[PDB]
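This report concerns only the one structure given below.
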RNA sequence: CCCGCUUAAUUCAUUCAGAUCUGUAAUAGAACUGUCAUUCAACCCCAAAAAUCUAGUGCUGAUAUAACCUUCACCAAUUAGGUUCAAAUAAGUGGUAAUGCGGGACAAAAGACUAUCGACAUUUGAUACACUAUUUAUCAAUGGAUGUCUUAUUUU
DNA sequence: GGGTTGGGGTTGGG
Ligand SMILES: [Zn+2]
C-alpha cells in the first residue's frame, strides 16, 4: 500500500526543505486552469538532442546524432493541482499531457497530440485548443507530486512536477478519509 | 486636399479606423442607454471624467445595454469583487488590459505583479461608474469595450479591453546566406600562407574522411539520388587534391606583394619597440602613414581570388558558362562596402540550369514538367554556389588579409597584408602602454570582480598618422555562470543616468544632447538678439582632446557620492507607447487599421519613491510632445529595483578594474572611463559640467550687470560660444584654459577658431594656433554671423556621398523599402532645423534646395541597383505596371508619392493651423516644384533614364509649375473678397510671394536660393 | 517581485536610522544633571523620538494588522517585521484599494521611539505615513523574523540563522547599553 | 614609308568609296554588322594589295591610323585600331489505347504517354486514341517498358484508372490511317491554294 | 484561513440564520464559521425551479437528506444560451426520461445576496455520498482544532 | 421554502425507530421478483430484504443498479416511497464505510452539524 | 560587338608559443613543430523616418528668356551647332578596362518554289505544371513559317 | 524534462 498526503503537508515540507532535496507524494485532487500564455511546446531529437540547431524554412539538424532529422515536438503544460485543503502550481510534461489530451479527445493518438496542438496553433485555430483545455477543469485524478529545492540565476526557488496521473476511484479515498478521521477522534 | 494638422482629438482619429463601428465618449453612451438623464445632477469632477473618457467597440451594442425596467440598480459588492468576476468571465483568453499582472486559478484570481494602471480602475470615479451601471452590466462593459481614460493634456491610458498591441501583428524555399561578415577583423597569423589548420583542406592529410568532414553538404535533402551524392563527393575529392598544389607564396608575390622597403619598415618598428626613450612624434606619424599606404587594390585581390578558384575547382562542377558568370560576379563581391552583402539569386538568376551535365533526374521531368526540374536543380546549384564561397573564398580572405574600414572614409573597405598589420599592432601597442594601458596579471584582481563581470576586446581602426582604438564588450563568459555582457549588466544604471541626463540640461552646466534642445536655445538667443537690435556678433569654437581618457576616477566617484540629483532607491517601469506618425487622415479603402496611423514603441523608465511633481506613480510614463496630437500608453507588469549602492559598486569596478584583451594578452586602463559603455556619455558630460560651472561664474550674472547677450553650449567635448562682447569671449578663453591647466586636460591640436583677431602675447596664449574664419561651423552645422541662420553642411561629390550609403534591396518588398528609404533620406536632418523661428522664407527655400540636391545624389545608387532587376518577369509588379516599361512606371510612382508626402510634412512644419489654406497650397506647390526641378536636372544626363522616364518627370515638373502659378493667380481674387482678415505671418507670406513675382515665373527667386 | 523587495536593503536603512538616533540622543542630553536624570526615569512614558530622514524609504507587503493594539506586520521576501503605527489615521490616509491585507505599500516616514519599562530601555518602530500602490495576493513564507514590540528578546530571536539580524541585534544591544550607561 | 602609307590610305579609301561599296557589297555586310558603323582593322588585315603595300600588328595599326588621319572620307581618333567614315552612305508502327473514361482531357493522356521520352502524335476521340511514332525502332524500344511485364498486360495509367491498348492495329485500318494522313496533307495544300487565291 | 469548505444544506441554513439573527459583525461580505469563507462544496440532488419573469436569473433547488437551499444560475448576456455544465444536465435529463440525479456542486455565497452556482458534475456512484460526509466531518474537525 | 428532515439509518435502527420520516439506501434485489420493488442491505452475505409498496419494480430504468429512497417506514421491512432516485453504478457499493459514517454521524460530538439540537 | 581556343610557376614573407644546434659578453646565425575563437564572430550614446504598400495624382493647359537631339571604348562632370512635341552629322578633361588566333554578304520590295511540315510558326485566350527577378507542355482560335535560287566578284 | 528577447538593419552628430 502507498501513503497519501494532502497539499498542506507538501507545502509545509517543501518550504522547510534544504537546497537540493527531493521527495515524492501521492494526492487526491482535481486539475484546473491550464495556462497558455507561454509557449506550449518545444523541439527535441529522437536521440535526446541537447542542442537543436535552428534554421530557416523549417530546417533542422541535431548535434547529438548528426543527421537530417524530422523535428519532434514535445508538449509541456503548466496547470494547478488543487485539493480541498490547498493549491499548488505544477508542470506537466509530454507523456502526461498527451495522456490527458487523449483522454479528453480519444480521436487524437498519444504521440500525435503535440503535432495536433502545433498544427492547430500555427494554422490559426486557437479556439479549438481553448475549448479542449477548458473541458479539463475540475477533473479529479490521482497525482504523484515531486518538489525540488533548486537555485536558478542565484535565486532559491521550489518547483513542483507531476510524475504520474491515474484515474480516480472514490473507494480508497473514502477509506483513507475514514481512517484519518478515526485517528483524529481517537486522539 | 488632406493636410497634416498640429491639433487633433482621439475621438476624431478613432472614427477613421474601419474596425471600430462605434466610437463615443462615456457620457453620450450613458445617455444613449438611458442609464442617466440630463435632469440628473452630478459632481463636476465626475462630469469631467465622463466627458473625457473615450470608449469604442467593434460592433454597435447600444441596444444590448438598454435600461431594463425589470429590476433597478443598487450595488452591494466591492469594486474588487466585480473586477474579479469580470476576469473570471474572461476565462482562457490571454490578451486583455485588466488581465495584466495577474493569473486565474479556477474561480479565484491572484494578483502577483505591479500594475500601475490598477490605480485608475480602483479609483472613486470607477466606483461611481459601477454604481451607475450595476454589476451585471459592468462585468461585460469591461470586456466588450476599449476604455481610454485621459491622464494628460494629450495623453491617454487604456485600462480595459483587448490590448492595442494585438492590432499591430504552405511554405516556400529560402536560399542560404553568404557569410560575408566573416572576412572582417581577423588578427590571427600563421607561418605558412593558406587556410586555417581547422579547415577541411588541412584535416584530410580517401573518400571517407572528406565525407566525414563534409557531412553538412553530403546528406542534403536537395540531392535526388545517391548517384548525385557520389558525384558531388568525387568533385570534392578532386577539389581537395588540387588545393594542395597551389603555391601560395608565388601567388602572393605575383598579385598582392609587400612593399620593396618592407625590411626598412620592420627594422624601424623593431628599433622603436626596443628603444627605452620616447619615440619622436613626427617619425612615428611618418611610419604609420607609410604602413597605411601598403593597402591592396580591389583589382589585385580579385585577380588573386580568380587565380585561386580557377586552379582549385573543376570547370565542370558548375558549367562552362556558369563558371565564367561566377568569376565575373566575384569582383562585385570583393568591392562591396561594410554592411553590404550578395545573395544567392544574384548568381542563380543569371545562370543556366541545363549547362550542368552531371545532374541526373530520377524521373523524366526534363521534358514533361520543365519548370519543376528547373526548380529542383536550382536548389542544388544554390547549395553549390554557397559551398564554393563559404568554404574556399571566405577562409582565404580571412586568413591572408586584415580587412577593415578607416576613420573618415565612412563604410569603405580596405585590405591589408597580415605582416603589415602585425607591424601596425606592435607599434600601436607600444603607443598605448606609455599613456593609458598597462599589462596586467590576474593575481591582483580579486575573484569577486573576476567572476562577476565579463571582459572586453580591443580593435584598431587606422587613422592618418595615428590610430583609433575601440573597446568592445560584446562577449559573455560561459564559465562562472555569466549570461550577460557588461552593457547588459549596466543597463539599469543607464536608465538611472538617463534620468540624471534631463536635469543636466539647465541646472548645473551648459550641456546639450539632441537637436531639439539646440534649436530651442538658438531660437531664444535669436529672439534676444532681435530685441537688442541686431548688433555685431563674435564666436569662439574649441574642443577637448580625448575627453574619455582625461577623466580622474577619484574626482568622478567624489562627484557621484556627494551629488543629491541621484536618489537612493529607484523603481523601473515598462510600458508600450502609441504615437501618431506623419501621415494625414484620409477623409471618408476599407482596411484601415491602427498601424496606418500610429507607431508602437517599447519604453522603460526609472522613478523615485518621493512625492515628486511629475507623479509618475499615478501614470507610469514621462513623455515630451511637440504637438497637440494624441498618444496612448498601456503599462506592463515587469517591475525592477536599483539602488545607488549598486551603481556605486559598478562605477568603482569599471573605473578601477577594467580589463581588456588583445591577442590573448590582458591589459588594464590607468586613467579615465572606457568609451563603448552605455553609461560613459552621460558621465563625461556630468564630470565636465562640474568643472565648467566651477570656472564660469562671470557668465551667470553678466546678462544683467552690463546687459550683454551671450550663448554657451557644449555637446560632449565640443564647445561653442556666441556673444555680443569681445571681452566676454576673451575671458571665456582664459577661464577655460585655466580650468584645463588646473584639472589636467588639454584642447585638441592647440587650435581655436574665432571670428576676430587679438594679441595672444598678453594672455599667455602663445601656444594656441588661432584661425580666423567669418562663418561658424559647429557639429556639422553652418551658422552665419550676419543674419544668424543655420543650415547643415552637404558633401559636394558623388564619391564622397557614396562612402556612407549601404544598399540592401529585396524583391519581396521593393515598394515599401524604397519609399521608406526616400522618406528617411529627405527627413534625416532637415526635419530639425526647418524652424520658421530660425530662418526666413528665403532661408527655408535655400535650405530645401541644397538638402534636396544632396538627397538625390544619396539616393542615386538605389535606382541603379533597381535596374539590375527586370520586373516584367515578376507577376506582382507586371500585373500593376505592365510588361513594356515596368521599371520606369515603378520608379515614377515611388518618386511622385514620396515627394508629395515630403512636401506635406514641410508645410506642416512651417505654418500653423490658423493660416489660410491657399497660402499653404501655394507653398506646397513651390516646394514640390523645387524638388522636381532638382530631380529632373540631376537625372537629365544619365543614359539609363535618357528616354521614357525623363518625359514623365518633365511633365510632372511642368504641372507643378502651372499649379503654383494658378494658385498664385487665384489668391489675389480670393483675398480681394474681403472675407478674410490677415495676420502678421500671412502678410509676410503675401509680401514674399509678391516680391519674387511668383505670378509669372521663378527666375527671380532662383539666384537667391541657388547661391553657394 | 521578491527580488524587487530584496534589492531594497532595508537593513542598511534601519542601521543608519539607529545610528543617527543614538548620536542625536547622545548629543542632546550632555547636561548630565543628576536631579533631571532621575526625574526623566519613570515608568511608561516616551523619552525620545527620532524621525527617519527622507532617504530611508522602503516598500513592504502587509500580511496582518491589529486595530486593538495598533500592531502591523510587514514582510519582504525572507524577513517579516512586526511594527506599530501611530493611529487609525495612518490607515485612513493611505487609500487602500480593497483591504489593508495583501497590499503593497510605501512607508513615507517612520520614527524610532524610546521607552523605559521594567528597569530597561525599549526601542520601538512607529509608522507615520503610508501609501498603497498595488494589491499583491501572494503568500511569502518567511523562515525568520524580528519583532519590534517585545524589546531585545523580540529582535535577538533567529539571530543565529542570518548574519544581517546578528549585526542588527549587536547594534541594538550596543544602543541599549549606551542608553542605560548615559541615563543610569 | 610615308609614300607606302599614303598609297595604302588611298587604296583603303578606294575600297571604302560609296560608289564601289554598292556594286561589290562585300564589305557592306561588315559595315551593317558593325555595332555603331565603326569597323576594326581586322577586315582590312585579310586584304592582298593592302598587305602588299607594307613592304607587332599594333605598329601596322598605328601606321594605318597615321595614313588615314589627314583624310576626310574616313575617321580616326584616340589612336584606336577601329575605323569609320564621316558620312552615313546608306542609300510503319502505331497503336491505339482503348477504354478511356469519358470526359478525359487530352493533356492528361498526352502527358501519360509522353513519359516514355520520345516524340509522337496523339488524337483523342470517343475512348479511342491513335498514337504514331516517327521511326520504327522506338516502338520496340518502348514496348519493353510501356508493357508492364510483371502483370503481362498492355496497361497504361491515365487519370488514376487502368486503360487498355492493342499492340497492333488492323492492317486495313493502318492503310486507312495512312490515307487519312495523306488526306490531311492534301487538305493543307488546298487550304494553301485558297490562301494564295484570295488576292 | 481557507476560503473553500465542504458543508451541507443544514449548515448553510444555520449559518445564514445565525448571520441574520445577530448582524453585529464586520462590514464585509464574508461569512463567519470558524473563519471567513466564500466558496462551498456540497453533493445533493438538483432540480429546476420555474420562476416567473426572471430571464437573467434561473432558480434551482438543491435538496438533501438534511434540508434544502435555493441557488441562482447566471447566463451570458451577449447571447441567450445556457452554460455548458447545465446544458449537459438538461440533455441527460431529457435522455434518461426526466430522472433527477445527485450532483457535486461548487457554489459561491456572500451575505446580503443570493447564492450563485458556478459548476457541478452529475454523479452516478453512491460512494460519493460517504466520501462527502467523511470529508465534511474531517474538515470541520480540522477547522475547529486549527482555530484553537 | 420548506424544511423536511430525512435522517439516514441502518438496518438495525429501523426496528428502533418504528415509524419516522427517514431515508434508507440499498442495492436493488432481483432474485425474489416481487410485484413491489425490493432492495437489499449489506454485501448480500447476510440476508436483509426490505420492500416498498408505492414504487413498482418494472417502471424504473433498466440500467439502474442502485437506489436510495426517502420516505416514512410503514412497518418492519416495509418502507413507503415518497422520493426515489436512480444510481447507475458500475462499481460495488461499500457498506462498511457507509456504516462507519452513519455511526459517526449518530455520535454526540458530530451530531450538531448534521441535525438540529 | 559576338563566338572558339590559350593566357603562370618557384619562397614577397614566417606573428605568437614550444623544443633542438652552434658561436660568445648579452647583440646574432641554423633548422623543426603546434596554431582562428570562453565554439562563436559582430563598439557605444543620442536623434530621424515606420501600411499586412493588388491603394492611393488637378495622370497634369507649357516659362522659343524654353524643352530636346548629335559625337570610334564604356561611364560621369566641362563647350559649339541644329530641330520644334520629335529628329540626323560635332570640339578640350577625369576615372575605369584592354592575350593571341578564326569567323561575321542576305541588304530585301519580291518572284518561281507545288522541297518541308494535322510532328510548321506566331498571335491573343483557356487549362496544367511552376513561381523570390522560369528558359515550358497541351487545347482552342488563327495565318503564315522553314530552306534554296534570282536583282552579286577578297585592288575586299 | 523548462528557462530575459534576439533581433533586423546599417544615417548622422558625438
Ligand atoms: Zn539527434
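Residue numbering for chain A follows Swiss-Prot; the residues present correspond to positions 511-697, in that order.
Per deposition record, electron microscopy, 2.9 Å.
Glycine is treated like the rest: Cβ placed from N, Cα and C.
Feature annotation from Swiss-Prot assigns Zn(2+) binding site to A:555, A:572, A:575; the stated evidence is experimental evidence. Residue A:575 (Zn(2+) binding site) falls within neither a helix nor a strand when secondary structure is assigned with DSSP, and so counts as coil. Close to residue A:575 (Zn(2+) binding site) in the fold, though at least 6 residues off in sequence, lie A:555, A:556, A:557, A:559, each with a CB less than 8 Å from its CB.
The zinc finger annotation in Swiss-Prot covers A:555-575 and is backed by sequence analysis.
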Same chain, outside the zinc finger (A:555-575) by at least 6, Cβ under 8 Å from its Cβ: which residues?
581-582
Cβ distance under 8 Å to residue A:572 (Zn(2+) binding site), same chain, sequence separation 6 or more: which residues?
A:555, A:557, A:559, A:562, A:563, A:579
Packing count at residue A:555 (Zn(2+) binding site) (other Cβ atoms within 10 Å of its Cβ)
20
For the recorded Zn(2+) site, whose residues are A:555, A:572, A:575, find every other residue on that chain with a C-beta no more than 8 angstroms from the centre of their C-beta atoms, and list them by sequence position.
A:556, A:557, A:558, A:559, A:562, A:571, A:573, A:574, A:576, A:577, A:579
Against chain E, with Cβ pairs under 8 Å, which of the binding-site residues A:555, A:572, A:575 show up? Give them in sequence order, please.
none
